[PDB]
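Colleague: Dropping the structure in here first, questions after.
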Amino acid sequence: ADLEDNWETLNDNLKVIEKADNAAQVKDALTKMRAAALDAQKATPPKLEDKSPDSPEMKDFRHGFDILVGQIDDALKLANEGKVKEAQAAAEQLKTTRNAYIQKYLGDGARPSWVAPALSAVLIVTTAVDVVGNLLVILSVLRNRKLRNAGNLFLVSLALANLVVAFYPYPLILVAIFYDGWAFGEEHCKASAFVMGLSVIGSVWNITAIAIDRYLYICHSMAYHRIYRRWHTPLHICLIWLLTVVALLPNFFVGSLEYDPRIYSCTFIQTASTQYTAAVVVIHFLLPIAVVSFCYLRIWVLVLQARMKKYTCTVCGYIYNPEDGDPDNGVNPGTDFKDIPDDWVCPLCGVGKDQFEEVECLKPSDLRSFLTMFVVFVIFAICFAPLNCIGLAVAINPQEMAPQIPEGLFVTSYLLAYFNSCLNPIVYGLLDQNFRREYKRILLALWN
Ligand SMILES: CCC(=O)NCC[C@@H]1CCc2ccc3c(c21)CCO3
Ligand SMILES: [Zn+2]
């Protein structure tokens, strides 16, 4: 057997020990991994093919292999006794000495020169804008009480999902570019991928929970106020985050959280299990996009039919807001002007509905800022649409569609997925006039 085929063999049996149940399954995997380690030792590397068999370049690899074999001897003594958790720890210790020592004259490192300066620039820009912008969102919602109670408590949850990915995984990815390879341990590798999982899936379900809250506030607005919202929304934020952790646990069993050299980041692997990836593309993308697309379609048909809209008085300038109503004149909050009985008159000048003109302009701050949150969703869809397509193609047939996907296309798609983390406060400033004022309020306070 060739050295290239043996490099895969002992690496494939190492993944078996991680998903093993008893010590006999570990002992059977350690026997195959030791025979492959002896075989790869009695083979010249393709990279150092020019280097002589006695010369000091190939002589260091021959002495380096015996260090890894002795580590299997220490691991098999634990496996004979019946220790699985102790032998799995010894297997991870041999895995670190198999990518640092053994991977010297081995590797298909044919990555184009543009992936390193782009990824890193995107990563610097994203991490810098995220830690500042999303922090200002947290600050503006915690300060402004009128904005917080306007269903923007979910924004704290979404901004924390965006922030957490900039503090732990993004900087480690940047170190993995400059040092060329994952410079941190396997425990730091699996965790970085998991943190990114919470940030991605958590953002999907936070956007959907917002689409439901903004669907119920415009459509079935009467029913909305009848149902409590005091303690309901902090409970929903807790539930959607626990659902995310539950959805991320099968990664620990399948073993899909490993280092990807293509994008220099320790992330989720699409080829590990085509059954679990299919569930991530459908249940955690295709389905939640479909329920949100319906939510905003029902809102847009109301705006198009000129339904829930502000009506201003052509006598004393009284602006009737459907979100406010007219409670002292019987109009309970959340009532459309087209539904108020014809006997109703202005509660300021007493002129009838006859002389009432609507605002033929929808502002992005109106109806709990429905337009901004819509833009937020469309932006999210754009960033994660190609990556979910790659994961969909591999799930169908990985035997022919996995090598068919270009390496350049994967980096281009993963660059967008990362960049989404800093884009959310940018759209709050440009579209939401109330957030814009609050951004200036905090920035002027930090100055003076
Ligand atoms: C289409 C499949 C895909 O590429 N999905 C996004 C990869 C994201 C981001 C990192 C991470 C970690 C764990 C995890 C997931 C991800 C999906 C479910 O478990
Ligand atoms: Zn009036």
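Residue numbering: from 1, along the chain as shown.
Method of determination (from the header): X-ray crystallography, 3.3 Å.
Using N, Cα and C of the backbone, Cβ positions are placed for all residues, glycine too.
Pulled these features from the PDB entry for this protein:
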type	residues	note
SEQADV	107-110	linker
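Straight out of Swiss-Prot:
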type	residues	note
TRANSMEM	119-139	transmembrane segment
TOPO_DOM	140-152	topological domain 'Cytoplasmic'
DISULFID	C189-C266	disulfide bond
TRANSMEM	232-252	transmembrane segment
BINDING	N251, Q270	melatonin binding site
TOPO_DOM	253-276	topological domain 'Extracellular'
TRANSMEM	277-297	transmembrane segment
TOPO_DOM	395-407	topological domain 'Extracellular'
Colleague: Measuring Cα to Cα, how many Å separate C189 (disulfide bond) from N251 (melatonin binding site)?
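Modeller: Checking the Cα atoms of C189 (disulfide bond) and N251 (melatonin binding site) gives a distance of 13 Å.
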Colleague: Taking each of the binding-site residues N251, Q270 in turn and counting other Cβ atoms within 10 Å of its Cβ, which one has the fewest?
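Modeller: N251, out of the binding-site residues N251, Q270, has the fewest neighbouring Cβ atoms within 10 Å.
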Colleague: Give me the DSSP three-state residue breakdown of the topological domain 'Cytoplasmic' (140-152), ordered helix, strand, coil.
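Modeller: Split by secondary structure, the topological domain 'Cytoplasmic' (140-152) comes out as 8 helix, 0 strand, 5 coil.
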Colleague: Return the single residue from the disulfide-bonded residues list (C189, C266) that has the minimum number of other CB atoms within 10 Å.
Modeller: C189
Colleague: Distance check, please: Cα of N251 (melatonin binding site) against Cα of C266 (disulfide bond), rounded to an integer number of angstrom.
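Modeller: Pair distance, Cα basis, whole Å: 13 Å.
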Colleague: Using a 6 Å cut-off on Cβ distance, which of the recorded positions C189, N251, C266 come close to any atom of ligand 1?
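Modeller: If the test is a Cβ under 6 Å from any atom of ligand 1, the answer is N251.
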Colleague: Go ahead and report the DSSP secondary structure tallies for the linker (107-110): helix first, then strand, then coil.
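Modeller: Tallying H, G and I as helix, E and B as strand, the rest coil: 0 helix, 0 strand, 4 coil.
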